[PDB]
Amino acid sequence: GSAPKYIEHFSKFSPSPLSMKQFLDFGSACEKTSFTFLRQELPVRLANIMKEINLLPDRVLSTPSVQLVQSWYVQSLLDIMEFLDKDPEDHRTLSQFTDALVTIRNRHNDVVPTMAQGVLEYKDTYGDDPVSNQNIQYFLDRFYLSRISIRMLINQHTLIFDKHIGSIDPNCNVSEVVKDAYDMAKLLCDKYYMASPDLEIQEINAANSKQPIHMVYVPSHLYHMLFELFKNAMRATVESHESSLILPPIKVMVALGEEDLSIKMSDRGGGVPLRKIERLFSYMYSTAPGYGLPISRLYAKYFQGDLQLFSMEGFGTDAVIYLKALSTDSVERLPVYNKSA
């Protein structure tokens, strides 16, 4: 077959990063333009990460988990090829493309636990030394960020072409998503432990005091990040206080600046020594017989944000999500192939 040829052809192109603005217009332009963009751009993004997978050393590349994930990418690339010569004016071309995108999305659903098996296998077969750790961290950050960007493109297409513009809410109420993610974490926390800390939210709209804080964002991404952080802050708070009676609340601040929308989650869960912070973000060190924090950080990075942890051992932990306030500064952050090693 031609998969290596295709990979070589499309890995010559740079992925084209889109802004929120571009994303919002695509969901007014129309389906034909999404189709002609995506039938080029998906092969480009697939091929760029496939090329990088093929550069892994043989002792990683040869493992069943990587071979299995590589086989999903090959089929998904081939599924998209079928449409390169098809006619955009034919509505059967367009419906079949949508169908093809849903199968591709479904096919890749189990990538994270599959890659996690790969990490486990490597720790036991070759070890968990600091250089292994950096190479795993380097690869998976790029792999998972690539995969977030491909799921975004596919989600935008399948949701728009069946107020919100697919996965984008142009009037996202940040405090409402905070309360949703808290309410869900509390539910699980109450079930597993006999208790759950309360929530306090404070907003700081610097320029418009007392105006509720809204942004253009992908609320499912924001939920994913906040949910992960709530789980961590609830587990720490409950477990560090199980001989105490009082349960300090979790305090969230939502700050809107000129360019940053910042969400701090402050807990009193006893904290982590500085030495152990790096490990919480490490796929390798956080793999035991992917993970929430490292992948939540990629969601934040995806539109030029970040996710930082600062703890005070003996007291508690601050987690901050940094987002861009402005749709104009919210541009896909994409890993690009070439330079290497």
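Think of the rigid core as the biggest set of C-alphas that the two forms share within 1.5 Å after superposition. Note that residue numbering follows the sequence shown and begins at 1.
Novice: How do 268-276 and 29-37 compare in 5 other deposited structures of this protein: which one has C-alphas farther from this form after the rigid core is matched?
Specialist: After the core superposition, the stretch with higher RMS deviation in 5 other deposited structures of this protein is 29-37.
Novice: Count of coordinate-less deposited residues separating residue 28 and residue 29, as none, 1 to 3, 4 to 9, or 10 or more?
Specialist: Per the record, 1 to 3 deposited residues are absent between residue 28 and residue 29.
Novice: Between residue 162 and residue 163, what class does the number of missing deposited residues fall in: none, 1 to 3, 4 to 9, or 10 or more?
Specialist: Gap size class: 4 to 9 residues without coordinates, per the record.
Novice: Decide which of the stretches 219-227 and 70-78 has the higher mean C-alpha B-factor, going by the entry.
Specialist: That would be 70-78.
Novice: Name the higher of the two by mean Cα B-factor in the PDB entry, 9-17 versus 322-330.
Specialist: Of 322-330 and 9-17, the stretch with the higher C-alpha B-factor average is 9-17.
Novice: From the list 156, 244, 114, 173, select the residue with the highest C-alpha B factor recorded in the entry.
Specialist: Among 156, 244, 114, 173, the highest C-alpha B-factor in the entry belongs to 244.
Novice: Hey, out of 152, 207, 254, 136, whose CA B-factor is highest in the deposited coordinates?
Specialist: Top of the list by C-alpha B-factor: 207.
Novice: Can you tell me which third, lowest, middle or highest, the CA B-factor of residue 272 falls into for its chain?
Specialist: For residue 272, the deposited C-alpha B-factor lands in the lowest third.
Novice: For residue 141, does the deposited CA B-factor place it in the lowest, middle or highest third of the chain?
Specialist: For residue 141, whose C-alpha B-factor we compare with every modelled residue in the chain, the answer is the lowest third.
Novice: Please place residue 288 in the lowest, middle or highest third of its chain according to the CA B-factor in the PDB entry.
Specialist: Highest third.
Novice: Where does residue 126 sit by CA temperature factor within its chain: lowest, middle or highest third?
Specialist: Tercile = middle for this residue's CA B-factor.
Novice: Could you look up the Cα B-factor of residue 118 in the entry and say which third of the chain it sits in: lowest, middle or highest?
Specialist: As the PDB entry reports it, the C-alpha B-factor of residue 118 lands in the lowest third of its chain.
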